[PDB]
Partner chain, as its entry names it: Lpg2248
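Only one chain is shown below, in structure tokens, and it's the form deposited without the partner chain.
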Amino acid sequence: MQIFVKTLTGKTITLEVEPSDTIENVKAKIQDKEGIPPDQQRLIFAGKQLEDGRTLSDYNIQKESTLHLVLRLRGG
């Protein structure tokens, strides 16, 4: 299925994945595609933080849907 990643910088990226794919496997795809480590980004969708080991189908997502990508929480 095709999906679009909307970044805060306004960059839209297209990724191909499977509904039975695990968030851990989906993070691997983003890591090898953008090259940004997974511990530097947090995937938010429908208002939930994708947990490692869960399947996309567990979120009832929809093909061609857009996922929100956040870097990290401001702090110090």
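Numbering follows the first chain given and starts at 1.
The next section is about a form of this same protein that is not shown, the form solved in complex with the partner chain.
Visitor: If you check in the entry with it bound, is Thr12 within 4.5 Å of the partner chain, heavy atoms only?
Guide: Yes, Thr12 lies within 4.5 Å of the partner chain in the entry with it bound.
Visitor: Is there a non-hydrogen atom of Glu18 within 4.5 angstroms of a non-hydrogen atom of the partner chain in the entry with it bound?
Guide: Flag for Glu18 set to no.
Visitor: Is any part of 34-65 within 4.5 angstroms of the partner chain in the entry with it bound by a non-hydrogen atom, and which residues would that be?
Guide: Heavy-atom contacts within 4.5 Å come from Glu34, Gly35, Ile36, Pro37, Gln40, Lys63, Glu64.
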